[PDB]
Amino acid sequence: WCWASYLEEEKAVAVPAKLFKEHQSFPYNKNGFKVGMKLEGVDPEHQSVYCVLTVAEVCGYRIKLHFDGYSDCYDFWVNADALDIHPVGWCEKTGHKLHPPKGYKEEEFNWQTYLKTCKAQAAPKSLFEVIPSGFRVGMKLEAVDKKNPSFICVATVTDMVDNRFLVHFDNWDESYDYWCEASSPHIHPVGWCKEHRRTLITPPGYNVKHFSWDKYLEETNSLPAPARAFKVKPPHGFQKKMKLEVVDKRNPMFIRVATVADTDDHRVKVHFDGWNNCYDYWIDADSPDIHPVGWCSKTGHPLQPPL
């Protein structure tokens, strides 16, 4: 099976590699991770929480991570250059809380003892990975609940690591938190909802009858994020019918031959060639899980042909 041939047969073009951001395109590195190495990492379903993780599988430029002491059902795939993994010791060095393995309490855990207990090694620092901005921990803003994207709500930046920061919805469960960057289309400076005739969702258990950002910021002794820090996402250039390689959301070990079925400002609707259209789904055009044609061959990862 060959992309060049397939592209000729289908009279179609590949999405140009140059439209993909660096985290999506060909890596300029081999995958050094080995099964059994241990590291720290963000829980994708509880994104404020850093956890103890073990590399459970290696495939091309991707690794499958396991939360020590928890069920394999929670195992997740990231790319070898993911931003939300960190070497052993990072939490302590950076002042962050590390959630211990299932069955330990914090006071029973540290890395030196745990590595001896497991007869295991930390993933070397050398395997892991700037542009300044006006976002600081503590600042408040208006953000889309990614799980319920019609709702825009009062949020706070609660953590920050280099160019990414963490959005939390004041008085809402942690599980709604997510990491993003200054250009995210999901975040808005205070009083953006006013200026656009949109409903701002206010914190549970609050003066909802006439809520005020000014009063709230004083009552919480907090600054707003400055409008100048909110940078603008330039549109992606992806076009319908262009082909690419996509991680199958529904079984993420596989990467599949895919087609751009539809677009909007910041997303593409992917379609797995050979499969029914009812499998198609939306994904951010900057996702690390979509790739230029040839990414699998270049990285050593198997590619699923059309069904």
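Numbers follow the displayed sequence, beginning with 1.
The modelled chain is continuous from residue 192 to residue 193, since every residue of the deposited sequence in that stretch has coordinates.
Unmodelled deposited residues between residue 129 and residue 130: 4 to 9, per the record. Higher average CA B factor: 208 to 216, of the stretches 208 to 216 and 88 to 96. Of the two segments examined, 100 to 108 and 225 to 233, it is 225 to 233 that shows the higher average Cα temperature factor in the deposited entry.
In this entry, the residue among 135, 74, 176, 114 with the greatest C-alpha B factor is 135. You'll see in the entry that, of 251, 47, 277, 239, the Cα B factor peaks at 277. Residue 31 sits in the middle third of its chain by CA B factor, as recorded in the PDB entry. Per the PDB record, residue ranking by Cα B-factor puts residue 148 in the middle third of the chain.
When the modelled residues of the chain are ordered by their C-alpha B factor, residue 81 lands in the lowest third. Per the PDB record, residue ranking by Cα B-factor puts residue 9 in the highest third of the chain. Compared with the other modelled residues of the chain, the Cα B-factor recorded for residue 287 ranks in the lowest third.
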